[PDB]
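Chemist: Structure incoming, see below.
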Amino acid sequence: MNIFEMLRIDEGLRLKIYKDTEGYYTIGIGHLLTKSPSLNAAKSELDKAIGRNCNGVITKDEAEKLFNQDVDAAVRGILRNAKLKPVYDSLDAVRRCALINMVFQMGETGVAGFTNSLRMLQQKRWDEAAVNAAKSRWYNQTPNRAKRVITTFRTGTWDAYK
Ligand SMILES: [Cl-]
Ligand SMILES: [Cl-]
Ligand SMILES: [Xe]
Ligand SMILES: [Xe]
């Protein structure tokens, strides 16, 4: 396991424009296209990210490419974020994957708001960090996924994903 296999499980793969759990237009492996309700807006953005007239469908490769760029960005955002970098850096490898997953899902700003769990993760207070993070709208909205990510922070193993 690694970040790619992990997110590929949590986000799935779809080659046609679909709506995410929030109702937004997305494609491939969790690649958000727009928060706009217009499918036209969705299609334009897609043609732009792909660089061709897709007609709302891409190939697997195109999806894979977008995903690579998306992880890269997520990591780089972490690294650039003064509240995030320190946590990330104090973490072992499995746990970092959990941190990238959340950033991938809710953006750095979203993650950066878990002030208290972040501090607890930094102190290696796993159980505590896990109980704090479950008190979130993130957890109540996508409970299955949140549980797998939280267990990963708690145990530092991939069990939740086997
Ligand atoms: Cl709550
Ligand atoms: Cl879920
Ligand atoms: Xe977190
Ligand atoms: Xe957590």
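Per deposition record, X-ray crystallography, 2.2 Å.
Keep in mind that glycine also has a Cβ here, set from the backbone N, Cα and C atoms.
So Swiss-Prot lists the following for this protein:
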ACT_SITE  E11  active site, proton donor/acceptor
ACT_SITE  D20  active site, proton donor/acceptor
BINDING   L32, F104, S117, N132  substrate binding site
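Could you place these features in context, so I can see how deep they sit and what lies close by?
Modeler: Cβ environment of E11 (active site, proton donor/acceptor): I29, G30 lie under 8 Å away, each six or more residues apart in the same chain. DSSP classifies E11 (active site, proton donor/acceptor) as helix under the three-state reduction.
Summarising the environment of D20 (active site, proton donor/acceptor), the number of other Cβ atoms within 10 Å of its Cβ, over all protein chains shown, is 16.
Its own atom aside, the Cβ of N132 (substrate binding site) has 19 Cβ atoms within 10 angstroms in the protein chains shown.
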Chemist: Give me the count of other Cβ atoms within 10 A of the Cβ belonging to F104 (substrate binding site).
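Modeler: Its Cβ shell of radius 10 Å holds 25 other Cβ atoms.
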Chemist: Looking only at C-alpha atoms, tell me how far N132 (substrate binding site) is from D20 (active site, proton donor/acceptor), rounded to the nearest Å.
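Modeler: With the alpha carbons as reference points, the distance is 26 Å.
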Chemist: Cβ under 6 Å from an atom of ligand 3: which of these recorded positions qualify? The list is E11, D20, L32.
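Modeler: List returned for ligand 3: none.
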